[PDB]
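The data below hold one chain only, encoded as structure tokens and taken in the form deposited in one PDB entry.
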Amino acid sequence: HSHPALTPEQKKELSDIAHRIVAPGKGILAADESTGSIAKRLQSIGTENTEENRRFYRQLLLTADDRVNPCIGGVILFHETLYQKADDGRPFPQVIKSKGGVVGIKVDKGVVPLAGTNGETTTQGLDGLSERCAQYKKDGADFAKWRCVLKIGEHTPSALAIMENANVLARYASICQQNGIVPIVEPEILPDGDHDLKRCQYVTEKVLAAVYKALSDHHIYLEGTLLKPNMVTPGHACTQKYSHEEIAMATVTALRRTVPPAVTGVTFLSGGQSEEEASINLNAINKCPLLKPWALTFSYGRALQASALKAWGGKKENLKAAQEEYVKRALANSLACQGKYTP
């Protein structure tokens, strides 16, 4: 017997938000760095960690030139950044919505170790998620993000890790879709270790298959979700070298065997890659001569803002220059969304 989890109006608004995010040529900026990760990033540049420094850095990211308006369709924020205001007086959700963006929020509470496994982790943050999601929906957040970690090792990932992460992702997506918030499912597979394209493709297919089976078990409206996978790439210690066409073929082949075409868009990770090779690989993925029935776009945390963070230096007078670097990367990644990129 069928009891509908969503009314057709809820399905319509979720599909409308999900189509607005991964619109052709647009992508996602991931400004969701928590205090420890952004503390390490501000320590690398050599500045102290203060609320004013983080607010100024996200001012540099969010208040850029108007040329990024058909570049960034969605912005993932922290919980703190939702309640911070710009110096003009507008709060950051209004700054995002003023120039055509969609406000997001990273809603997980970190990783917990799984007992009995070889360093496998699950994700935390399911308690109070309905009240928090209603509160973020009142504050302008229209989509969310949840990050699961899986690593390739000797016998890892086991069935327990993939099963638990798929169940937690489906529970998260159900709770988010009850409150009118488009969930972004992110089964990140770590590129650590030494493993070729074939094993990474195998693990990607198994993890994505268990994820979509768990999404089918929990009555998830697949047209109002987004997928956030990592590109099928060799490990860091792998000695064999692969062309970008082989990486793109492995990624599109691992995606086409699992992902149903009702899913609205696919937003790739950077995943420890360089700033230029991520756009090169995304341009190669969008140039693969297969039939890809979804949006292939970017959700880059480091690969959008690393050059801007370097050219900033913690000094205010460098601002525009740093912003210009960011704008450059955004423009490049927009062409990487369309297959029209060339370096």
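In case it trips you up, residue 1 is the first one in the sequence shown, and so on.
Missing here is the form deposited with a small molecule bound; even so, the following discussion is about that form.
A.B. asks: What stretch, of 313-321, 66-74, 280-288, 296-304, brings heavy atoms to within 4.5 Å of the small molecule in the deposited complex?
C.D. replies: Checking each option against the 4.5 Å cut-off leaves 296-304.
A.B. asks: So, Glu205, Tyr212 and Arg256: all three within 4.5 Å of the small molecule in the deposited complex by heavy atoms, or not?
C.D. replies: Verified in the deposited complex; spot residues all out of contact, no.
A.B. asks: With the cut-off set at 4.5 Å between non-hydrogen atoms, does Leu62 touch the small molecule in the deposited complex?
C.D. replies: No - in the deposited complex, heavy atoms of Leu62 and the small molecule never come within 4.5 Å of each other.
A.B. asks: Considering non-hydrogen atoms and a 4.5 Å limit, does the small molecule approach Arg41 in the deposited complex?
C.D. replies: Heavy-atom contact with the small molecule at 4.5 Å: present for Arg41.
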